[PDB]
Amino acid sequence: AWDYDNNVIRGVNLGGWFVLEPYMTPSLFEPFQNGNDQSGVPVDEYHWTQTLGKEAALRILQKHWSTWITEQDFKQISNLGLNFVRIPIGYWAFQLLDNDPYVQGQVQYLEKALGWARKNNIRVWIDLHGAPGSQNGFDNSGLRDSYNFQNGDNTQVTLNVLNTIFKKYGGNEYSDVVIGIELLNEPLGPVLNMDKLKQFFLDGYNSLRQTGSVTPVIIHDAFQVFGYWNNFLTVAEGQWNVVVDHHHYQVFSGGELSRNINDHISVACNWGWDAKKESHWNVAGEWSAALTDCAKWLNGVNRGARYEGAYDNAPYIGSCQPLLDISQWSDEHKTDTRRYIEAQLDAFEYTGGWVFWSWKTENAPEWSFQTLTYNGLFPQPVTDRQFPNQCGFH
């Protein structure tokens, strides 16, 4: 259904839909604020569902699931010249741990989305975005500040969830739509046992192929250096249809934030050069237009922005308030953003393509493909260049 040698992925993530993220849908979290006090705001989906209870959580989420993304979005995506979506989903859509606060129902909408994809000639990855115990401690795993995916029976439960996903979506029924199943979003390499993570990836690869599925297996790079995965799941060992997912940002440290625009572009270009050297097919499955970490709650509920020296002992660089509304942006900031987007697009099209995070947000413009396109900052058509050939690829 896809030719990873000859085709380029031009896609968007459908984030904030089946896994809640406070910075993406702040309207669902803000009712818990007490004036300016954020101390009682639930920090993740786990705590949000727990605080509301099962009945209120399901009422509110059904409304969200039914309106956040609809068939109309899929038509707009196709109209904009995109060919692909990545769909994050948590483990709790399929299986609950004993005493999990989560509610279910996401699968009905996942299956509607697969039909909407088919109808609009859009291909899909399904991405297991949160594992039991958390694989990274990020709020977008479902459970912040916990790192227990490799503890207890949590890895085994994750494999059971993947087998369900494999039997449902890795078979003949969706072979014209599903071009990859991503085993686990962003396992936090530095705090995990890498040998056990490799064993988990291998078990997932083998279990899918044992079902008779030919669907590509997508592995996230676990924040390892370029080339780390070259010798893993290789054709020499009869392992095939494997894609590496690299994610790229320049906003989650003080050092990255303090770079001038020219150095931001140099780093983006180098992502392209380095990915070209790798031995697996590879796709940039997550990236954005952000040059700041100013979006409210990007770093988590009740955490501030490094950009204005309010988090992670970062020095003050600039005030976030002026950057929260795209209509208040300076001419210089608009230009820098367009340059940065174009450099990233050229770098990512130099290998398998790109998947922008995300299609939409309530009010965070750096992270919304819609908002950027409508304001002329994301190229439309996506091949248009105001700053051609910044990287000099050959």
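Residue positions are given as counts along the sequence shown, with the first one as 1.
K.L.:
Would you tell me which stretch averages the higher CA B-factor in the PDB entry, 101 to 109 or 309 to 317?
P.N.:
Per the PDB entry, the higher value belongs to 309 to 317.
K.L.:
When the Cα temperature factors in the entry are averaged, is it 14 to 22 or 373 to 381 that ends up higher?
P.N.:
Taking the mean C-alpha B-factor of 373 to 381 and of 14 to 22, the larger value falls to 373 to 381.
K.L.:
Between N120, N270, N282, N140, where does the Cα B-factor run highest in the record?
P.N.:
Largest recorded C-alpha B-factor: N120.
K.L.:
Go through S134, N151, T292, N299 one by one and give the residue whose Cα B-factor in the PDB entry is largest.
P.N.:
Among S134, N151, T292, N299, the highest C-alpha B-factor in the entry belongs to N151.
K.L.:
Taking only the Cα B-factors deposited for this chain, tell me whether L52 sits in the lowest, middle or highest third.
P.N.:
It belongs to the highest third of the chain when residues are ordered by C-alpha B-factor.
K.L.:
Quick check on the deposited entry: does the C-alpha B-factor of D176 sit in the lowest, middle or highest third of its chain?
P.N.:
CA B-factor rank for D176: highest third.
K.L.:
Is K168 in the lowest, middle or highest third of its chain when residues are ranked by C-alpha B-factor?
P.N.:
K168: CA B-factor falls in the highest third of its chain.
K.L.:
Going by the CA temperature factor in the PDB record, which third of the chain does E237 belong to: lowest, middle or highest?
P.N.:
For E237, whose C-alpha B-factor we compare with every modelled residue in the chain, the answer is the highest third.
K.L.:
Split into thirds by Cα B-factor across the chain's modelled residues, where does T67 land: lowest, middle or highest?
P.N.:
According to the entry, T67 has a C-alpha B-factor in the chain's middle third.
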